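S.K.: So that we are looking at the same thing, I have put the structure below in structure tokens.
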Amino acid sequence: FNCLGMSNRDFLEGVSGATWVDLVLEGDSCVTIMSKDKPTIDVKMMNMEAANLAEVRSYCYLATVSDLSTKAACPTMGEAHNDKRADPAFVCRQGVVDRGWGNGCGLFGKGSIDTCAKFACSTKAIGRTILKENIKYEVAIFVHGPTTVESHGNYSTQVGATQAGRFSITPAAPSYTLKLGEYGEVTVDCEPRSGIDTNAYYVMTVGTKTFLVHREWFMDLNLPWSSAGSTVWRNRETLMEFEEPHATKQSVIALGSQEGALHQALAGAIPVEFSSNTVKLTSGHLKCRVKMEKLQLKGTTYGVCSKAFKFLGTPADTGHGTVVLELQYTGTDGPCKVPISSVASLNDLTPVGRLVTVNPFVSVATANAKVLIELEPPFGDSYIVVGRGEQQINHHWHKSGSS
Ligand SMILES: *[C@@H]1O[C@H](CO[C@H]2O[C@@H](C)[C@@H](O)[C@@H](O)[C@@H]2O)[C@@H](O[C@@H]2O[C@H](CO)[C@@H](O)[C@H](O)[C@H]2NC(C)=O)[C@H](O)[C@H]1NC(C)=O
């Protein structure tokens with residue numbers, strides 16, 4: 001729910017001298033936003049789901065053929081019409097058979113014949129569309145308030161500390177305002193109608209396994225089908241074989257499962273987990289404007305930490321040109337502001353990078369408080385310095401790269 005630790009991280013600054021920022025979020029990816037006099041926040045794309053899809057087609061894969069009748073008519077007695085023909089559920093084929101003495105007619109010629117049998121669908125396969133209305137994006141936001149190596153990740157700890165927050169965004173409610181305790185609030189205005197069209201490639205469930213299938217291919221499947229809101233099965237003949245016409249009894253059977261031929265014709269297609277009527281999505285992005293007018297800094301009245309700090313390990317490189325490190329304070333002088341910055345040479349009176357953990361704080365009155373800091377040191381050699389004069393400590397950093 002936090003940027004720290006992700007490869008997929010971006011850095012943004014609010015337009016010099018304005019409050020809001022435009023971004024576009026991407027799957028499993030994170031954005032750290034920095035504004036003069038406001039705390040740093042992280043916006044992150046937790047999850048993007050299409051739920052409650054529309055059922056497009058439906059396709060039968062194993063069928064049953066039942067109650068076979070066949071009406072027969074002697075030569076010159078005209079065309080036989082099996083009465084089962086009035087039945088929506090039955091399926092019928094006219095034919096022609098040699099008849100005569102040897103088999104029931106008083107004349108020799110081609111007698112008529114008409115065969116009906118009932119069609120049932122054992123199991124089926126459903127294709128579904130991803131209309132854009134079905135999309136929900138889930139966004140976490142995190143304020144860079146006092147945090148610890150231990151606690152920076154602990155999602156619960158942050159929520160408790162009025163510091164994290166998970167909300168969703170959908171065309172139904174494209175906007176949200178997350179209140180963040182005394183940090184004020186951040187409002188988000190997004191525009192979900194991004195990436196996916198209303199009618200491309202379908203989602204098709206064959207028994208257990210659900211697939212991302214070529215739309216066009218699904219429509220041409222040579223199987224029986226029922227549309228959206230009805231179980232009437234059209235184009236059934238594809239799964240039933242009508243055998244040789246025996247004068248008395250013609251045989252009508254079902255073809256066995258097609259399940260195998262399908263998992264086969266999809267061996268290569270993109271598999272999707274469709275548990276509980278929703279679909280994880282890996283593509284997709286969201287445009288938002290993130291308004292920070294009402295995001296405030298908190299406790300600027302507090303004094304600067306008067307006592308000595310300590311480094312708790314070599315500062316570590318995040319791999320985005322920023323460093324993370326963890327102080328440990330020694331004093332007990334209430335909560336106070338941490339005197340950390342980055343200077344080009346040790347005696348330097350003004351600083352050189354920027355803090356990412358803007359406005360860092362010892363937030364307790366007990367001894368040995370820890371604070372995590374992430375800062376962006378400048379290119380080349382510099383010292384990270386914490387403290388004033390006698391109690392100053394420091395650590396050197398080189399950052400490679402020119403531009
Ligand atoms: C989120 O944090 C909580 C509790 O936070 C406490 O963790 C302590 C180890 C300590 O440093 C203290 O300062 C801090 O407030 C974790 O949940 C549980 O914490 C209790 C102690 O309060 C322990 O008995 C358990 O180890 C622990 N239970 C669990 C969930 O395993 C929790 O670990 C953490 N979130 C994560 C990353 O799981």
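Ordered as shown in the structure tokens, chains take letters A, B, and onward, while each chain numbers its residues from 1 and ligands are numbered from 1 in the order shown.
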Contacts of range 370-383 of chain A at 7 Å or less, counting only C-alpha atoms, minus same-chain residues fewer than 2 places along, as a ChimeraX atom specification?

M.R.: /A:146-149,321-329,342-346,352-357,362,368,385,394-401

S.K.: Would you tabulate, counting only C-alpha atoms, all residues of range 49-92 of chain A that have an atom at most 9 Å from an atom of range 189-208 of chain A, showing the closest pair of atoms and their distance in Å to one decimal, sorted by chain then ascending number, as JSON lines?

M.R.:
```
{"residue": "A:56", "atom": "CA", "partner": "A:202", "partner_atom": "CA", "distance": 8.6}
{"residue": "A:58", "atom": "CA", "partner": "A:204", "partner_atom": "CA", "distance": 8.8}
{"residue": "A:61", "atom": "CA", "partner": "A:206", "partner_atom": "CA", "distance": 8.9}
```

S.K.: So that I have them on file, write out the residues from the current selection with C-alpha atoms, as a short mmCIF file (atom, residue, chain, number, x, y, z; two decimals), in the first residue's frame.

M.R.:
```cif
data_model
loop_
_atom_site.label_atom_id
_atom_site.label_comp_id
_atom_site.auth_asym_id
_atom_site.auth_seq_id
_atom_site.Cartn_x
_atom_site.Cartn_y
_atom_site.Cartn_z
CA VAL A 56 -22.66 -13.23 -24.23
CA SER A 58 -23.03 -20.15 -24.16
CA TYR A 61 -20.03 -29.41 -24.99
#
```

S.K.: Taking only C-alpha atoms and all ligand atoms into account, which of A:330, A:338, A:276, A:151 comes nearest ligand 1?

M.R.: A:151

S.K.: Could you give me, as a compact mmCIF listing (two decimals) with C-alpha atoms, in the first residue's frame, every polymer residue with an atom at most 8 Å away from an atom of ligand 1, counting only C-alpha atoms and all ligand atoms?

M.R.:
```txt
# COMPACT_ATOMS: atom_id res chain seq x y z
CA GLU A 150 9.36 -2.25 11.52
CA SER A 151 6.18 -0.24 10.90
CA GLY A 153 4.94 -1.87 5.87
CA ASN A 154 2.51 -3.01 8.66
CA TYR A 155 -0.68 -2.00 6.87
CA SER A 156 -2.77 -2.09 10.02
CA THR A 157 -0.32 0.08 12.00
```

S.K.: Just list as a short mmCIF file (atom, residue, chain, number, x, y, z; two decimals) with C-alpha atoms, in the first residue's frame whatever in range 268-344 of chain A DSSP marks as strand (DSSP E or B).

M.R.:
```cif
data_model
loop_
_atom_site.label_atom_id
_atom_site.label_comp_id
_atom_site.auth_asym_id
_atom_site.auth_seq_id
_atom_site.Cartn_x
_atom_site.Cartn_y
_atom_site.Cartn_z
CA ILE A 270 -4.20 -16.88 -21.76
CA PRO A 271 -5.57 -18.58 -18.60
CA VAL A 272 -7.54 -16.47 -16.08
CA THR A 278 -14.75 -11.72 -10.95
CA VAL A 279 -11.51 -11.38 -12.92
CA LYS A 280 -8.07 -10.11 -11.90
CA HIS A 285 -4.33 2.18 -16.05
CA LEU A 286 -6.14 5.05 -14.37
CA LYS A 287 -5.87 8.85 -14.94
CA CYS A 288 -6.39 10.89 -11.76
CA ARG A 289 -6.09 14.40 -10.53
CA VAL A 290 -4.93 14.27 -6.93
CA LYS A 291 -5.96 17.39 -5.05
CA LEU A 295 -3.56 18.25 2.94
CA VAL A 304 13.92 20.70 16.84
CA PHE A 309 20.92 10.66 17.16
CA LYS A 310 22.46 7.36 16.01
CA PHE A 311 22.64 5.51 12.65
CA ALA A 316 20.52 1.58 1.89
CA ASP A 317 19.91 2.39 -1.80
CA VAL A 323 18.30 6.26 0.16
CA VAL A 324 16.49 4.70 3.15
CA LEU A 325 18.06 4.75 6.59
CA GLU A 326 17.00 4.47 10.20
CA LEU A 327 17.87 6.76 13.02
CA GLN A 328 17.53 6.07 16.71
CA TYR A 329 17.08 9.14 18.94
CA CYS A 336 10.50 17.02 18.04
CA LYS A 337 11.56 17.69 14.42
CA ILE A 340 18.41 15.63 8.92
CA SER A 341 19.43 16.79 5.49
CA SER A 342 21.98 16.20 2.90
CA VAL A 343 24.98 18.55 2.48
#
```

S.K.: Report the residues of range 124-342 of chain A whose backbone DSSP state falls under helix (DSSP H, G or I), written as a count of residues only.

M.R.: 27

S.K.: Excluding residue 136 in chain A and its own-chain neighbours fewer than 2 positions away, which residues fall within 12 Å of it when counting only C-alpha atoms? Please give them as a PyMOL selection string.

M.R.: chain A and resi 45-52+130-134+138-139+167-174+190-194+278-281+284-286

S.K.: The selected residues should be written to file as a compact mmCIF listing (two decimals), in the first residue's frame (atoms: N, CA and C atoms).

M.R.:
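Result went into part29.txt, see below:
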```txt
# COMPACT_ATOMS: atom_id res chain seq x y z
N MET A 45 -1.78 1.55 -6.87
CA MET A 45 -2.78 0.76 -7.57
C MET A 45 -2.76 -0.65 -7.02
N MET A 46 -3.65 -0.93 -6.09
CA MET A 46 -3.62 -2.19 -5.37
C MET A 46 -4.16 -3.33 -6.20
N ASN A 47 -5.10 -3.03 -7.10
CA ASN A 47 -5.96 -4.07 -7.65
C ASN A 47 -6.98 -3.51 -8.66
N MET A 48 -7.22 -4.24 -9.75
CA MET A 48 -8.12 -3.79 -10.82
C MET A 48 -8.88 -4.99 -11.30
N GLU A 49 -10.20 -4.91 -11.18
CA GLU A 49 -11.05 -6.08 -11.31
C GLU A 49 -12.20 -5.79 -12.20
N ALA A 50 -12.57 -6.75 -13.02
CA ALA A 50 -13.85 -6.68 -13.70
C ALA A 50 -14.78 -7.69 -13.06
N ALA A 51 -15.86 -7.20 -12.46
CA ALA A 51 -16.82 -8.09 -11.80
C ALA A 51 -18.19 -7.94 -12.44
N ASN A 52 -19.08 -8.91 -12.17
CA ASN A 52 -20.46 -8.92 -12.68
C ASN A 52 -20.57 -8.84 -14.20
N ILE A 130 -16.24 -8.15 -21.25
CA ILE A 130 -15.86 -7.19 -20.22
C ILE A 130 -16.27 -5.78 -20.64
N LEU A 131 -17.56 -5.47 -20.54
CA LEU A 131 -18.00 -4.08 -20.70
C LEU A 131 -17.20 -3.25 -19.68
N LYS A 132 -16.95 -1.97 -19.96
CA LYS A 132 -16.10 -1.12 -19.08
C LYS A 132 -16.78 -0.74 -17.75
N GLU A 133 -18.11 -0.72 -17.74
CA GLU A 133 -18.91 -0.56 -16.52
C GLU A 133 -18.51 -1.56 -15.41
N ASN A 134 -17.88 -2.67 -15.79
CA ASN A 134 -17.59 -3.77 -14.87
C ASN A 134 -16.32 -3.52 -14.09
N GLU A 138 -8.69 -0.34 -7.30
CA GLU A 138 -8.54 -0.21 -5.89
C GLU A 138 -7.25 0.49 -5.62
N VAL A 139 -7.34 1.58 -4.88
CA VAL A 139 -6.22 2.49 -4.70
C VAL A 139 -5.88 2.71 -3.24
N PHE A 167 -9.13 2.84 -0.85
CA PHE A 167 -10.46 3.10 -1.37
C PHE A 167 -10.56 2.60 -2.79
N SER A 168 -11.78 2.44 -3.30
CA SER A 168 -11.96 1.98 -4.68
C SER A 168 -12.47 3.09 -5.59
N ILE A 169 -12.28 2.92 -6.90
CA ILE A 169 -12.72 3.89 -7.90
C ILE A 169 -13.39 3.14 -9.02
N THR A 170 -14.56 3.61 -9.44
CA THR A 170 -15.39 2.96 -10.48
C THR A 170 -16.21 4.02 -11.21
N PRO A 171 -16.59 3.74 -12.47
CA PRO A 171 -17.35 4.78 -13.18
C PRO A 171 -18.52 5.30 -12.34
N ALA A 172 -19.15 4.40 -11.57
CA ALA A 172 -20.24 4.74 -10.64
C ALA A 172 -19.83 5.83 -9.63
N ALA A 173 -18.70 5.64 -8.95
CA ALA A 173 -18.09 6.73 -8.19
C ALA A 173 -16.59 6.90 -8.54
N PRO A 174 -16.30 7.74 -9.57
CA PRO A 174 -14.97 7.97 -10.07
C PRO A 174 -14.12 8.84 -9.14
N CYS A 190 -10.76 10.73 -10.73
CA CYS A 190 -10.20 9.87 -11.73
C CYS A 190 -11.19 9.73 -12.81
N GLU A 191 -10.75 9.11 -13.90
CA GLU A 191 -11.52 9.01 -15.09
C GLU A 191 -11.36 7.58 -15.61
N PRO A 192 -12.10 6.63 -15.00
CA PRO A 192 -12.14 5.27 -15.51
C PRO A 192 -12.85 5.21 -16.84
N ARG A 193 -12.06 5.12 -17.90
CA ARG A 193 -12.53 4.72 -19.23
C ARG A 193 -11.23 4.66 -20.01
N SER A 194 -10.42 3.67 -19.62
CA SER A 194 -9.01 3.60 -19.96
C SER A 194 -8.46 2.18 -20.18
N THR A 278 -15.57 -12.91 -10.65
CA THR A 278 -14.75 -11.72 -10.95
C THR A 278 -13.40 -12.10 -11.56
N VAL A 279 -12.77 -11.13 -12.23
CA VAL A 279 -11.51 -11.38 -12.92
C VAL A 279 -10.39 -10.37 -12.60
N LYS A 280 -9.28 -10.90 -12.07
CA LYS A 280 -8.07 -10.11 -11.90
C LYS A 280 -7.65 -9.63 -13.27
N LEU A 281 -7.16 -8.41 -13.34
CA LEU A 281 -6.63 -7.86 -14.58
C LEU A 281 -5.20 -7.41 -14.38
N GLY A 284 -4.28 -2.43 -17.88
CA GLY A 284 -5.12 -1.35 -17.30
C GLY A 284 -4.38 -0.23 -16.57
N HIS A 285 -4.92 0.99 -16.66
CA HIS A 285 -4.33 2.18 -16.05
C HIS A 285 -5.42 3.18 -15.71
N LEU A 286 -5.14 4.09 -14.79
CA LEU A 286 -6.14 5.05 -14.37
C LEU A 286 -5.56 6.44 -14.39
```
